[PDB]
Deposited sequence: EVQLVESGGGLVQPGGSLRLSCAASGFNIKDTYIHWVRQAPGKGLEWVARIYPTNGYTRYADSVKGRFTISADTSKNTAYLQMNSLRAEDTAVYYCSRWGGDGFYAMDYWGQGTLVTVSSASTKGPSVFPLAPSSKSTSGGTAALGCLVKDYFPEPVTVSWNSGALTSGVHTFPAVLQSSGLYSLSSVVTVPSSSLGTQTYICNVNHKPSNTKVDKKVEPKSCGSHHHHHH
């Protein structure tokens, strides 16, 4: 299978530098153009830049021209995006794609531009023939967080709400599941919360 894998994403200071990287696998980047396309939170796809690796010719979107640099290396079968002079506007999921349209895309890497430093979440229970229970995952930066129930055993009737950015600048969300109350006391209920940016892991057992 053709496959494109992004890496190098993460949390940068305004004005800082970060180098994304796109490893192509299942074809030769000599044979095609490589683009970067990004998507700001809750916004549309925006084309960033392209390169013809064979001769290294490069075209840019005007919002990034002079700050970003696209480049490729045929021998490593890999494309790059050198992001400089980063602004809050640049916070986005950055995808990698090839060309006769964009048939294969990478998974995406999150770049977040902010001055706010890393903070792990506090995690609090939402205590309860149907019952509702859950976890409050509060005061973390940056996004993302992972919330599982019973190490992934429980997925039916689960609702993990998108994070809100609070006035503090710290994110907060809530994860909830709906069960028959006949099951209460018979099943044990644990939310697993993982915030990799912080190196924070938390398991909270939720009981009335």
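Open item on the list: Comparing the deposited sequence against the modelled residues, what ranges come up empty for C-alpha?
Closed with: Comparing the full sequence with the modelled residues, the uncovered ranges come out as 100 to 104, 134 to 140, 221 to 231.
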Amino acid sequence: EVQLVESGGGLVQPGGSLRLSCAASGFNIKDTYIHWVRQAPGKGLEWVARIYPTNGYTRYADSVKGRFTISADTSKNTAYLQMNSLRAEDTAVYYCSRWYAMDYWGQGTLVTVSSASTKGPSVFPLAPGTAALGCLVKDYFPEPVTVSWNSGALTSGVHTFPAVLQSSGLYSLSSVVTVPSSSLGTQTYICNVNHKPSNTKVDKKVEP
From here on, numbers count along this sequence of modelled residues.
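TODO: Report the stretch with the higher mean CA temperature factor, choosing between 186 to 194 and 6 to 14 on the basis of the entry.
DONE: Taking the mean C-alpha B-factor of 186 to 194 and of 6 to 14, the larger value falls to 186 to 194.
Open item on the list: Can you tell me whether 175 to 183 has a higher mean C-alpha B factor than 31 to 39 in this record, or the other way round?
Closed with: Between 31 to 39 and 175 to 183, it is 175 to 183 that shows the higher mean C-alpha B-factor.
TODO: Quick one: which of 58, 63, 55, 160 shows the highest Cα temperature factor in the PDB entry?
DONE: The C-alpha B-factor peaks, among 58, 63, 55, 160, at 55.
Open item on the list: Taking only the Cα B-factors deposited for this chain, tell me whether residue 100 sits in the lowest, middle or highest third.
Closed with: Tercile = highest for this residue's CA B-factor.
Open item on the list: Can you tell me whether residue 132 has a C-alpha B-factor in the lowest, middle or highest third compared with the other modelled residues of the same chain?
Closed with: Highest third.
Open item on the list: Sorting by Cα B-factor within the chain, modelled residues only, which third would residue 68 end up in: lowest, middle or highest?
Closed with: Within its chain, residue 68 is a lowest-third residue by C-alpha B-factor, going by the deposited values.
TODO: Can you work out whether the C-alpha temperature factor of residue 149 puts it in the lowest, middle or highest third of the chain?
DONE: Residue 149: CA B-factor falls in the highest third of its chain.
Open item on the list: Test of reading the entry: by CA B factor among the chain's modelled residues, which third contains residue 125?
Closed with: For residue 125, the deposited C-alpha B-factor lands in the highest third.
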